[PDB]
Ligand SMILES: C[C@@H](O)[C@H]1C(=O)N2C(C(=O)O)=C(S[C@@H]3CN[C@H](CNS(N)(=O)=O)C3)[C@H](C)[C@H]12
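Read the single chain below, which is given as structure tokens and is the form deposited without this ligand.
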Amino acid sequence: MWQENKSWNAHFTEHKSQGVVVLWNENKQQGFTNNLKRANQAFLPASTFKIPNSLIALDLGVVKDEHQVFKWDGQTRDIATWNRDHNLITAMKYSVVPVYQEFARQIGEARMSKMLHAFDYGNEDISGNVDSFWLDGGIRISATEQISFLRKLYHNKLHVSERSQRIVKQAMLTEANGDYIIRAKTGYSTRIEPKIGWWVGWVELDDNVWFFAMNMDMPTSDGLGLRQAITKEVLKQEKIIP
């Protein structure tokens, strides 16, 4: 099932960093990682929680579809792309936290807790603030647990409607060409140590899909590009993407 390959550490070493990448080959039901222990250590999901959050908001009707416009509240924040109107596509593309904070407020503590229990998501714990618990509360999830959740989403097996799951899988669209399709979500956990950056999702090939979930030490925002860079180096080494 799980096989360890420490070859991939060089890609983390090359950039003064440490992390874990987890790959799952859907067809052959075989997994791969450079660090079995870290692959199963639970961290704050940060903005990768936007995947379950969107599924919940859509299923409950907080968000009717991917065209509904969530208008900027007018407060100028540090990330410039947040200071504009957004729909679910652009909101997820740019990790617009304010938009998902009002989602969490409408969902409320009870329904959020109930949904995460049914999702089997992480430790299912929403302790902390209603609109910030995935950034500084008690919820935790491992990279392998992200793959378990993601595999349910890919196969439309999560407890919410098939429509909700198809809309989110559309919003996760990051990259696509003649070779592959990447649906994925980035995350950056800055409020509680250890500061880490996430990239979870999958790579759709012609006749297979590879699920991946990576996290890495991230002391500042300047290294965020390595989340995608290091992952793609691993995908190139296994001849998944050219």
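Sequential numbering from 1, following the sequence displayed.
Absent from the display: the form deposited with this ligand bound. The rest refers to it.
Comment: this ligand is not present in this chain, but in the deposited bound form one of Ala176, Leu36, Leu205, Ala42 has a heavy atom within 4.5 Å of it, namely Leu205. Candidate site formed by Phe103, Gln106 and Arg111: none of these residues places a non-hydrogen atom within 4.5 angstroms of this ligand in the deposited bound form. In the deposited bound form, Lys239 approaches this ligand with a heavy atom inside 4.5 Å.
The shortest heavy atom separation between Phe211 and this ligand in the deposited bound form exceeds 4.5 Å. Within 4.5 Å of some heavy atom of this ligand in the deposited bound form lies at least one heavy atom of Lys28. When contacts are judged by a 4.5 Å heavy atom cut-off, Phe32 counts as touching this ligand in the deposited bound form.
Using a 4.5 Å cut-off on any heavy atom, none of the residues of 85-119 reaches this ligand in the deposited bound form.
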